[PDB]
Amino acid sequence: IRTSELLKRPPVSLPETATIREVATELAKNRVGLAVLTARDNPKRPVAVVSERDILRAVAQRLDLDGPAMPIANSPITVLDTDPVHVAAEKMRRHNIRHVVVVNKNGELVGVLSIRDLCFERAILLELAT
């Protein structure tokens, strides 16, 4: 199974100019945990990622949640749409993260894969198990 085969929905993405609350709004609405911030010059080019974890920490620290999201963002960890799903599972495990950003050969955003997408189906489980 390739990572593209498991991608059924578009990822949550926002311009790199997004506020913290704007990211939270899109994540809450789409019931997913990681948002991709995209370049001003290309909305399909990933620049950073913001997790619900980052927003949580912003709340803990009393940051202005209408301020910019980029300062709480981190560099994306990526796999290819062409990569076998075991590579996606390896990066989540080894980087201790619950998502990977799926990009194509040309570096454009294809989707985001969750550990939730890999762990529940028997066929994916058995593939990752062996």
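The first residue of the shown sequence is 1; numbering continues from there.
Relative to its counterpart among 38 to 46 and 54 to 62, 38 to 46 has the higher mean temperature factor, C-alpha atoms as listed in the PDB entry. For the pair 19 to 27 and 113 to 121, the mean Cα B-factor is higher in 113 to 121. When the modelled residues of the chain are ordered by C-alpha B-factor, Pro76 sits in the middle third. Annotation for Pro84: CA B-factor lies in the highest third of the chain's modelled residues.
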